[PDB]
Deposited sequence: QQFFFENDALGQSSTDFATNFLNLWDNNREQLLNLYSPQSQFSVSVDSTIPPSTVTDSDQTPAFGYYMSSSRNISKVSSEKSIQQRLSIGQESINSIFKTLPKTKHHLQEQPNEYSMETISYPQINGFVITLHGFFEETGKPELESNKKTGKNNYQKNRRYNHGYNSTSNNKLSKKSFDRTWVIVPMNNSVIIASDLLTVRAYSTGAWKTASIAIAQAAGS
């Protein structure tokens, strides 16, 4: 329920969500499976520059350990949230970078992850999780404002 999702006009829920998700994604991905259902779907890809808690868990354990800096370096990420009327849910997309660890070294990497969420049980179920990892680069969205660049449509 720490993933309780309200659709506040302030975009705070979208931020809590992304924060709590990544945190666990960085320290305890296993705990994220609760948010996935038998019919949930996950996919990753890499830019020229999996279904059900199990399969999804599988590759989750595969994917390299990481470290995001959403709360410390907010400005380094942008976010849009749109309603998904058809499933009485929402789509949250987060653009930014994280620190990637196979040559045992730490490299920066940009990405765009899109979570399709359907609020429920004072929480949410992730219907779709589309991750696109790409060559690190500075977000073409930054401003003097030290904070996530938000946008919401509905």
| query | finding |
| --- | --- |
| Deposited-sequence ranges lacking C-alpha coordinates, in sequence order | 50-87, 140-168 |
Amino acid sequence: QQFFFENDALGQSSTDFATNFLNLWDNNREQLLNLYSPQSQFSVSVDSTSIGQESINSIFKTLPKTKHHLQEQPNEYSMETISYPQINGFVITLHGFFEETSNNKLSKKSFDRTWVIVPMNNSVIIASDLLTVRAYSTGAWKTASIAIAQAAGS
From here on, numbers count along this sequence of modelled residues.
query: Stretch exceeding the other in mean C-alpha B-factor - 84-92, 66-74; finding: 66-74
query: Higher-scoring stretch by recorded Cα B factor average, 125-133 or 39-47; finding: 39-47
query: Cα B factor band for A18 (lowest, middle or highest third within the chain); finding: lowest
query: Chain-relative CA temperature factor third for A151; finding: lowest
query: Ranked against its chain, the third holding the CA B-factor of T114; finding: lowest
query: Chain-wide C-alpha B factor ranking for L106, given as lowest, middle or highest third; finding: highest
query: Chain-relative CA temperature factor third for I59; finding: highest
